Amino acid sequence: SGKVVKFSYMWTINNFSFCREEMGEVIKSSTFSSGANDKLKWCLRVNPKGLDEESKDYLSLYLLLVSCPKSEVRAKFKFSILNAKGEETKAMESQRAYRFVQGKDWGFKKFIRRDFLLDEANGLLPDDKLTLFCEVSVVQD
């Protein structure tokens, strides 16, 4: 009876400003595991130019449950950006645990303003790299 119950996934998207993804198009991370015997599979999904018309000015960011042994899992999540010093910034966290099923995601449609992200003065794209950080806590398997 042993489980990975908390985990932090760090994802670097190189040459971010030159990403060709238009509105609605997704960038998908590699799959990562947790729970008992790697039985929970996750990934991240980002819309560099927003999910829809409302989020056009934003990067949209989601955590997707790919696979689980039962019907659902309930989990809290926090997304942030790592700056040039490797420090967390622009954090957003779920207000509570959310119900994930296979093929379902949860996240923030308006995670960060694109213009603020792209402005070199803000230091969020050092060497034009976006580093996203997702910390997950699983309440139930």
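Residue numbers run from 1 along the displayed sequence.
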Selected stretch [higher average CA B-factor]: 31 to 39 or 81 to 89:
81 to 89
Decide which of the stretches 14 to 22 and 124 to 132 has the higher mean C-alpha B-factor, going by the entry.
14 to 22
Between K109, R45, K76, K49, let me know which has the highest C-alpha B-factor in the entry?
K49
Among the modelled residues of this chain, does the Cα B factor of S55 put it in the lowest, middle or highest third?
highest
Cα B factor band for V4 (lowest, middle or highest third within the chain):
lowest
What third of its chain, lowest, middle or highest, does the C-alpha temperature factor of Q95 fall into?
highest
